[PDB]
Amino acid sequence: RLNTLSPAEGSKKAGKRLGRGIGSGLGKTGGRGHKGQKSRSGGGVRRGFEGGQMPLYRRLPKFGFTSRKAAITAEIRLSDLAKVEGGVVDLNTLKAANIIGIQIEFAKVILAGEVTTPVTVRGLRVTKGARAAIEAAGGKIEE
Amino acid sequence: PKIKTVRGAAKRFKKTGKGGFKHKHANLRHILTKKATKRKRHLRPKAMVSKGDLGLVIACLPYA
Amino acid sequence: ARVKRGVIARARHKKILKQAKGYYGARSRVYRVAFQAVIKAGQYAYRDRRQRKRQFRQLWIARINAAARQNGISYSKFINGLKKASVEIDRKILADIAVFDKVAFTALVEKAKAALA
Amino acid sequence: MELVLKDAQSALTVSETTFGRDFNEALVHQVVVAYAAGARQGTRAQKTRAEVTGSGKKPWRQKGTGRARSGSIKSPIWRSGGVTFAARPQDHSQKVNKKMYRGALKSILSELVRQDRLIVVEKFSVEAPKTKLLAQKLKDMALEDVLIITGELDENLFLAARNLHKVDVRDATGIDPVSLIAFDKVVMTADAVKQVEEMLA
RNA sequence: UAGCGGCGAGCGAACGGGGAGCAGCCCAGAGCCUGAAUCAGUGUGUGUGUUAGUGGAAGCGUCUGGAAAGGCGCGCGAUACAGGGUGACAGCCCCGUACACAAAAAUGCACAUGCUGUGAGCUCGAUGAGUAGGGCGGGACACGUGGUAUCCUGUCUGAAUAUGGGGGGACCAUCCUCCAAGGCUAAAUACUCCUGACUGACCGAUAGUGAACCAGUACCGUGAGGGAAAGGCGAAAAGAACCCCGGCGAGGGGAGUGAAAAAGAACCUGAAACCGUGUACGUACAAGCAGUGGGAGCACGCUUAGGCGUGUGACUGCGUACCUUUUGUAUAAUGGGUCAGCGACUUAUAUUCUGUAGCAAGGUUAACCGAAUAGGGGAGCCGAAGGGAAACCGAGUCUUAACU
Ligand SMILES: [Mg+2]
Ligand SMILES: [Mg+2]
Ligand SMILES: [Mg+2]
Ligand SMILES: [Mg+2]
Ligand SMILES: [Mg+2]
Ligand SMILES: [Mg+2]
Ligand SMILES: [Mg+2]
Ligand SMILES: [Mg+2]
Ligand SMILES: [Mg+2]
Ligand SMILES: [Mg+2]
Ligand SMILES: [Mg+2]
Ligand SMILES: [Mg+2]
Ligand SMILES: [Mg+2]
Ligand SMILES: [Mg+2]
Ligand SMILES: [Mg+2]
Ligand SMILES: [Mg+2]
Ligand SMILES: [Mg+2]
Ligand SMILES: [Mg+2]
Ligand SMILES: [Mg+2]
Ligand SMILES: [Mg+2]
Ligand SMILES: [Mg+2]
Ligand SMILES: [Mg+2]
Ligand SMILES: [Mg+2]
Ligand SMILES: [Mg+2]
Ligand SMILES: [Mg+2]
Ligand SMILES: [Mg+2]
Ligand SMILES: [Mg+2]
Ligand SMILES: [Mg+2]
Ligand SMILES: [Mg+2]
Ligand SMILES: [Mg+2]
Ligand SMILES: [Mg+2]
Ligand SMILES: [Mg+2]
Ligand SMILES: [Mg+2]
Ligand SMILES: [Mg+2]
Ligand SMILES: [Mg+2]
Ligand SMILES: [Mg+2]
Ligand SMILES: [Mg+2]
Ligand SMILES: [Mg+2]
Ligand SMILES: [Mg+2]
Ligand SMILES: [Mg+2]
């Protein structure tokens, strides 16, 4: 029987229709109020416009720059470190396992999660905690 | 279409770990001779955005 | 999916005009005038379901005053005597006794007087 | 799971997680609604205020006359052309998660098996494409309205009862939840059941 | 996103990755070698379309009915139950549909081949100057002259010639990579005046195209130009012979046709405002949003009630419309002559939150392919780690010579 399936309770609701009678609760002016710019079609002030007063994003100064090198430097999580699927942990091996990003030239091993495989790491910088974890798990780092 | 961020606010605010925003204090650009060293030292660090301004900051920065 | 209205709009107007029967002039012919007549009729009906109690109580009180003064006592003293007569519980609406059975009403008056005396 | 064969009174083994499990009514309802919306095409109409034949000339001057304020012959308020919120052709297809589709299908199959609307046989074909043969066989099997799915891709069977409305025949790969829920009873063929199991599961 | 920007409003890439599609060749010159490739333009042969077409299965009885296709009973076809018509809804009444066939004559698209023009390949050469670049003024590159690379040129100038020259975002050196100032080139891509078939949770005569109808018409304007209204008898005209009143009128009453004439041309259905005829009650000494509560009498259908219901409403208490805008409106503030029809919070794409469903440190695909709502595709995107302007460090990091 096809005419037997029904949606889960609370999964669907009608919503609201403005300007349909008094009983609906949104008649006449539908959630608009009386007069003013907030009413009317296409009304309302632009984004971040707090009146004619100088806005927050303009009364505060600028600072900093973009390194152009942080965008080419990833960090690998010590948790998995297994998607390499055998062999050593290399930059190209990480790229092959979709864990780093093709347009990446520097990676950090970091201490996050846990590792148990004794696989080694080559040509990657390792934090002190990550190094300790790898050596405890029986790995090796290409000093 | 995509929402276009306010580039003026993108270089004014930066997002923090718990969703807050950090910004640089004002009154530290010029005419600094008559300002107290205590005042300038307290202004030198960076502060967080207040409760009332978070709505405007988030509206300006949708992709931050 | 274009909705053509018509049938339901006619049904609502028919309902209102059916309720607006018996009214003079356009109040029973024109929907715009008739609709205002029905709402005012409802308002007046609501207010008078309340005013009815007051009107009938007033009529009963005047009635009891007339009968009690016929028997030789005012309404206030008659009510006070009935109240004091061993908390005798009788009724303002039951003042149809004063219309139908006169001897019963004078019997009531006799012990109202006795209680006051 | 064990499915009792019909033609040979034998038994066959199938995956429990596939052919038996709780029936997720909300999930199957979402998938069915999405499938129904998939067929729904657009092709709408109602040229709007701008693209209505006419002129930009103002019907009459702003002031000095007792008439209301008019600015265009194409106004939506006027008896002439003009529709406030016109309709453009649009797509109604939904996304439906890939795992959600398989889950809904598994639930449908489990419900069919549990309600005994699913039958399984070894072979099912007609030696000739005559509709009479298929009608006679279905009458003998007592199947007034049925969906038949196989993996053989038999053109003779396809031709037989090609337009017979109560009977539908389709390949094991072209199964859909709407057909599975619509047809009164479903008839499989050993090979088909394997192919589904190896797919759905 | 990087950037540009009265660094305001706003504008907005590229590198790189995944796909659709796959095609490379000539001149700046003659020696050989050859007439050789691959093309264009024309004949013939073969194949397949187009421009008329042919065949194309299977039902009877009975009831209601004006009429059977409907109900009841019993049969047959189906590679044909797409669709339309026929006196109400037909697989088997008709046209068709599935399927299988068909061209005298003229043409399209691919192949083979005859012939005309162009030519093949090898060695050796050559290698686009008022050009590149530059000064001045502009324009285009996401890039508004800014520290501004690169492209084009109105004006004035002006190189080198494989040992040479251009680029790599001011500029110099090293390195890498290409070879301007001569040309041609299919596919993937854009669109529909027009032709055929099919489709629609598109409209159904104030809708849909302006125009379902002899519509770009009537009509308006000197002209450019603007621009309507207007669909439906019945199955079949069987469209009312004949008689009567009437001006040998208009109009009507009979008769007749028809299932229906109250389907009669101004013809399906026939609502509302608005205007009439008849019946019941009230109304000519009574003052106002015309109702509402009480309520006599009168007139009509019933009852085991008489005083139950319906119509009217003498008399009587209370009672100054609606909407909008306002501190506040009976207000003498705005709007509405009335009826019918139409008429105003929508759609697309992004982003945040709530509910609900799937999956669970993972979730999910986009284009595209596809036996096309399946399956493949993980390019990507979000999350699991933050601090700092950044290098950088990292469950820590920043500040500071360093922090309790
Ligand atoms: Mg409210
Ligand atoms: Mg208003
Ligand atoms: Mg105001
Ligand atoms: Mg307001
Ligand atoms: Mg507007
Ligand atoms: Mg100002
Ligand atoms: Mg990736
Ligand atoms: Mg400074
Ligand atoms: Mg409709
Ligand atoms: Mg009436
Ligand atoms: Mg229109
Ligand atoms: Mg898919
Ligand atoms: Mg024929
Ligand atoms: Mg035939
Ligand atoms: Mg019959
Ligand atoms: Mg009929
Ligand atoms: Mg130049
Ligand atoms: Mg220059
Ligand atoms: Mg140059
Ligand atoms: Mg350069
Ligand atoms: Mg450089
Ligand atoms: Mg050159
Ligand atoms: Mg029209
Ligand atoms: Mg009509
Ligand atoms: Mg004229
Ligand atoms: Mg006549
Ligand atoms: Mg009809
Ligand atoms: Mg009529
Ligand atoms: Mg009428
Ligand atoms: Mg008098
Ligand atoms: Mg009188
Ligand atoms: Mg008067
Ligand atoms: Mg009064
Ligand atoms: Mg005022
Ligand atoms: Mg007042
Ligand atoms: Mg006043
Ligand atoms: Mg007024
Ligand atoms: Mg006004
Ligand atoms: Mg007025
Ligand atoms: Mg970080």
Side-chain angles (χ1 to χ4, degrees), chain A residues 7-13 17-19 30 34 41 46 58 62-71 75 77 79 98 102-103 108 110-113 127-129, chain B residues 1-4 7-8 11 17 45 58 62-63, chain C residues 1-2 4-6 10 13 23-27 29-32 35-37 39-41 43-45 47-49 51-52 55-56, chain D residues 24 26-27 30 34-35 38-47 53-55 57 76-81 84-88 90 93 96-101 103 129-132 135 159-160 162-165 171 173-176 199:
Chain A
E9 76 295 301
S11 66
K12 277 153 148 290
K13 61 187 294 190
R17 303 168 59 205
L18 278 56
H34 285 156
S41 298
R46 69 167 177 276
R58 287 252 266 121
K62 296 194 273 166
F63 63 90
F65 69 101
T66 298
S67 57
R68 275 201 99 250
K69 170 144 63 180
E75 88 210 351
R77 215 165 182 270
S79 67
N98 224 40
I102 188 184
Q103 284 253 110
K108 202 75 165 294
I110 204 192
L111 175 60
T127 64
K128 302 326 145 303
Chain B
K2 301 179 177 184
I3 309 178
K4 301 176 97 114
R7 312 304 272 132
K11 56 189 73 168
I58 299 133
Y63 285 97
Chain C
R2 182 171 182 269
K4 46 192 165 54
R5 299 163 67 182
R10 182 203 274 108
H13 289 184
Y23 298 167
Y24 166 80
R27 279 144 151 289
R29 299 174 173 78
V30 152
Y31 175 82
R32 276 178 191 230
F35 180 85
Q36 294 172 217
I39 301 299
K40 181 70 69 166
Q43 270 153 293
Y44 281 143
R47 163 206 77 167
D48 283 344
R49 228 140 41 211
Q51 271 189 18
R52 201 203 279 114
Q55 291 182 3
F56 273 108
Chain D
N24 199 331
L27 180 63
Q30 178 174 358
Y35 196 90
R40 172 167 159 74
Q41 74 179 237
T43 65
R44 296 295 300 283
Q46 306 120 50
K47 45 167 56 54
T53 297
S55 177
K57 178 73 208 295
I77 300 172
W78 282 34
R79 180 258 191 183
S80 313
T84 322
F85 305 110
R88 325 257 75 91
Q90 67 199 26
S93 311
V96 169
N97 278 350
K98 175 178 324 193
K99 291 180 184 174
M100 270 169 135
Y101 179 84
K130 305 300 298 187
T131 301
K132 277 178 54 46
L159 292 179
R162 180 165 61 180
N163 284 330
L164 216 172
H165 43 280
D171 224 15
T173 63
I175 67 165
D176 40 282
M199 166 220 320

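A note on names: the letters A, B, ... follow the listed sequences, proteins ahead of strands, and every chain is numbered from 1. What you see below is based on every heavy atom in this structure, not just the backbone, and it leaves out hydrogens, waters and symmetry mates.
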Novice: Using only heavy-atom distances, decide whether a donor-acceptor pair under 3.5 angstrom links the side-chain of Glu75(A) to the base of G394(E).
Specialist: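 Flag set: donor-acceptor pair detected.
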Novice: Please report the interatomic distance OH(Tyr63(B)) to NZ(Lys2(B)), rounded to the nearest 0.5 Å.
Specialist: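 It comes to 6.0 Å.
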Novice: Tell me whether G297(E) and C298(E) stack, counting them as stacked only when the base ring centres are under 5.5 Å apart and the planes differ by under 30°.
Specialist: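 As far as the 5.5 Å and 30° test goes, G297(E) stacks onto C298(E).
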Novice: Using modelled atom types only, decide if a donor and an acceptor are shared between the side chain of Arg29(C) and the backbone of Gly25(C) within a distance under 3.5 Å.
Specialist: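 It does hold such a pair.
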Novice: Would you say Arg7(B) reaches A2(E)'s phosphate, i.e. side-chain N/O to OP1/OP2 under 4.0 Å?
Specialist: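 So the side-chain polar atoms of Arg7(B) do come within 4.0 Å of the phosphate oxygens OP1 or OP2 of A2(E), strictly under.
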Novice: When you check the sign of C1'-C2'-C3'-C4' for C27(E), do you get north or south?
Specialist: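 North pucker for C27(E).
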Novice: If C1'-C2'-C3'-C4' is positive it's north, if negative it's south, so which is the sugar of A57(E)?
Specialist: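 With a positive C1'-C2'-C3'-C4' torsion, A57(E) is north.
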Novice: Is the ring of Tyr35(D) stacked on the base of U373(E), with centres less than 5.5 Å apart and planes under 30° off?
Specialist: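 It does: the ring sits over the base of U373(E).
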Novice: Who does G394(E) pair with, Watson-Crick or G-U, both distances under 3.5 Å?
Specialist: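 Base partner found: none.
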Novice: Pairing check on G75(E): which nucleotide meets the Watson-Crick or G-U wobble criteria with it, both distances under 3.5 Å?
Specialist: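 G75(E) is paired with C92(E).
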Novice: Does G249(E) pair with anything, Watson-Crick or G-U wobble, both distances under 3.5 Å, and if so, with which nucleotide?
Specialist: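 Its partner: none found.
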Novice: Determine: side-chain N/O of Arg44(D) to OP1/OP2 of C202(E), distance under 4.0 Å, yes or no.
Specialist: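 It does, given that an N or O in the side chain of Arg44(D) lies less than 4.0 Å from OP1 or OP2 of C202(E).
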Novice: North or south: which describes the sugar of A68(E), going by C1'-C2'-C3'-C4'?
Specialist: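 With a negative torsion about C1'-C2'-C3'-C4', the sugar belongs to the south class.
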Novice: Looking at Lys99(D), I'd like to know whether one of its side-chain N or O atoms comes within less than 4.0 Å of OP1 or OP2 on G358(E).
Specialist: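 The answer is no; no side-chain N or O of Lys99(D) sits under 4.0 Å from OP1 or OP2.
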Novice: May I ask you to verify if any side-chain N or O of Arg40(D) is less than 4.0 angstrom from the OP1 or OP2 atom of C202(E)?
Specialist: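 Looking at the OP1 and OP2 atoms of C202(E), one of them is under 4.0 Å from a side-chain N or O of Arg40(D).
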Novice: Can you tell me if the sugar in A215(E) is north or south, using the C1'-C2'-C3'-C4' torsion?
Specialist: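 Judging by the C1'-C2'-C3'-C4' torsion, which comes out negative, the sugar of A215(E) sits south.
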Novice: Do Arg29(C) side-chain and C274(E) base share a donor-acceptor contact under 3.5 Å?
Specialist: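 No, no donor-acceptor pair under 3.5 Å.
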Novice: Could you state the interatomic distance from CZ (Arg77(A)) to NZ (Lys108(A)), rounded to the nearest 0.5 Å?
Specialist: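 These two atoms lie 15.5 Å from each other.
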Novice: Specify the residue among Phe85(D) and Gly17(B) whose closest nucleotide of RNA chain E lies further upstream toward the 5′ end.
Specialist: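 On the 5' side of the pair lies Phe85(D).
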Novice: Apply the syn/anti split at 90° from 0 to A88(E) and say which one it is.
Specialist: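 You should classify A88(E) as syn.
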Novice: Under 4.0 Å between a side-chain N/O of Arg77(A) and OP1 or OP2 of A385(E), yes or no?
Specialist: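 For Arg77(A), the contact criterion (side-chain N or O under 4.0 Å from OP1 or OP2 of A385(E)) is met.
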Novice: Can you check whether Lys4(B) has a side-chain N or O nearer than 4.0 Å to OP1 or OP2 of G10(E)?
Specialist: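 It does not, given that no N or O in the side chain of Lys4(B) lies less than 4.0 Å from OP1 or OP2 of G10(E).
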Novice: Using OP1 and OP2 only, check whether a side-chain N or O of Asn163(D) sits under 4.0 Å from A82(E).
Specialist: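 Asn163(D) to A82(E) OP1/OP2: side-chain N or O found under 4.0 Å.
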Novice: So which nucleotide does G47(E) pair with, by the Watson-Crick or G-U wobble rule with both distances under 3.5 Å?
Specialist: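 Its partner is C109(E) (Watson-Crick or G-U wobble, both distances under 3.5 Å).
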Novice: From C-beta outward on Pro1(B), which listed nucleotide comes closest to its side chain: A348(E), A391(E), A290(E)?
Specialist: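 Of the candidates, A348(E) comes closest.
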Novice: Is the phosphate of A78(E), meaning OP1 or OP2, less than 4.0 Å from a side-chain N or O of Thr131(D)?
Specialist: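 Result: no.
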Novice: Please state whether the base of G294(E) and the side chain of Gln55(C) form at least one donor-acceptor pair under 3.5 Å?
Specialist: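 Looking at the base of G294(E), it does not pair with any donor or acceptor on the side chain of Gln55(C) (distance under 3.5 Å).
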Novice: I want to verify the glycosidic state of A140(E); is it syn or anti under the 90° rule?
Specialist: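 Glycosidic conformation of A140(E): anti.
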Novice: What I want to check is whether an N or O donor and acceptor connect the side chain of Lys11(B) with the base of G8(E) at under 3.5 Å.
Specialist: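 Under the 3.5 Å cut-off, the side chain and the base do not form any donor-acceptor pair.
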Novice: With a cut-off of under 6.0 Å to the ring centre and 45° to the axis, is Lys40(C) in cation-pi contact with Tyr44(C)?
Specialist: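 Yes.
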Novice: If the cut-off is 4.0 Å, is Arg52(C) near the phosphate of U292(E), judged by side-chain N/O to OP1 or OP2?
Specialist: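 So the side-chain polar atoms of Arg52(C) never come under 4.0 Å of the phosphate oxygens OP1 or OP2 of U292(E).
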Novice: Examine the base of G394(E) for any acceptor or donor lying under 3.5 Å from a partner atom in the side chain of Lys108(A), and report the outcome as yes or no.
Specialist: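 Indeed there is one.
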Novice: Working to the nearest 0.5 angstrom, can you tell me the gap between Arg32(C) CZ and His13(C) NE2?
Specialist: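 Reported value, rounded in 0.5 Å steps: 9.5 Å.
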Novice: Give a yes/no on whether any side-chain N or O of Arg79(D) is located under 4.0 angstrom from OP1 or OP2 of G341(E).
Specialist: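 No, no such contact exists.
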Novice: Is the distance from OP1 or OP2 of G343(E) to the nearest side-chain N or O of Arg5(C) less than 4.0 Å?
Specialist: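 True: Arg5(C) side-chain N/O within range (under 4.0 Å) of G343(E) OP1/OP2.
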Novice: For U185(E), does the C1'-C2'-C3'-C4' torsion put the sugar north or south?
Specialist: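 Positive torsion, so north.
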Novice: Does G336(E) have a Watson-Crick or wobble partner in any strand here, with both distances under 3.5 angstrom, and which is it?
Specialist: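 Here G336(E) is not engaged in any pair, so there is no nucleotide opposite it.
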Novice: Considering just the side-chain nitrogens and oxygens of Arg32(C), establish if one lies under 4.0 Å of OP1 or OP2 belonging to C339(E).
Specialist: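 Checking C339(E) against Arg32(C), a side-chain N or O does come within under 4.0 Å of OP1 or OP2.
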Novice: Okay, side chain of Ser55(D), backbone of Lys57(D): is any donor-acceptor separation there less than 3.5 Å?
Specialist: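 Pair found, side chain donor or acceptor close to backbone of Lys57(D).
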Novice: At what distance, to the nearest 0.5 angstrom, does CD of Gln30(D) lie from CE of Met100(D)?
Specialist: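 Reported value, rounded in 0.5 Å steps: 4.0 Å.
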Novice: If the cut-off is 4.0 Å, is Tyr23(C) near the phosphate of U292(E), judged by side-chain N/O to OP1 or OP2?
Specialist: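 Looking at the OP1 and OP2 atoms of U292(E), one of them is under 4.0 Å from a side-chain N or O of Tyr23(C).
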Novice: Given that both distances must come in under 3.5 Å, which nucleotide forms a Watson-Crick or G-U wobble pair with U222(E)?
Specialist: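 When the pairing criteria are applied, nothing turns out to pair with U222(E), so the answer is none.
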Novice: Report the nucleotide, chosen from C289(E), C345(E), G8(E), that has the shortest atom-to-atom distance to any side-chain atom of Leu18(A).
Specialist: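 Of the options given, the side chain of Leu18(A) lies nearest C345(E).
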Novice: What's the closest nucleotide to the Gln36(C) side chain, out of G378(E), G394(E), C322(E)?
Specialist: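 That would be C322(E).
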Novice: Could you tell me which nucleotide pairs with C308(E) by Watson-Crick or G-U wobble geometry, both distances under 3.5 Å, or answer none if nothing does?
Specialist: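 The base-pairing partner of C308(E), which may sit in any strand shown, is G301(E).
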Novice: Hey, does the side chain of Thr84(D) come within less than 4.0 Å of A344(E)'s phosphate (OP1/OP2), counting only N and O?
Specialist: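 Answer yes for this pair, as a side-chain N or O of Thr84(D) is under 4.0 Å from OP1 or OP2.
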Novice: Any Watson-Crick or G-U wobble pairing between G196(E) and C89(E), both distances under 3.5 Å?
Specialist: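 Answer is no for this nucleotide pair.
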Novice: Distance check, P atoms only: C318(E) and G336(E), in whole angstrom units.
Specialist: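 Roughly 37 Å separates the two P atoms.
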Novice: Check the surroundings of atom CZ in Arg17(A): do more than 12 heavy atoms from other residues, nucleotides or ligands lie under 6.0 Å from it?
Specialist: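 12 or below, so no.
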Novice: May I ask which nucleotide in the shown strands pairs with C175(E), Watson-Crick or G-U wobble, both distances under 3.5 Å?
Specialist: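 Checking every strand shown, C175(E) finds its partner in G168(E), with both distances under 3.5 Å.
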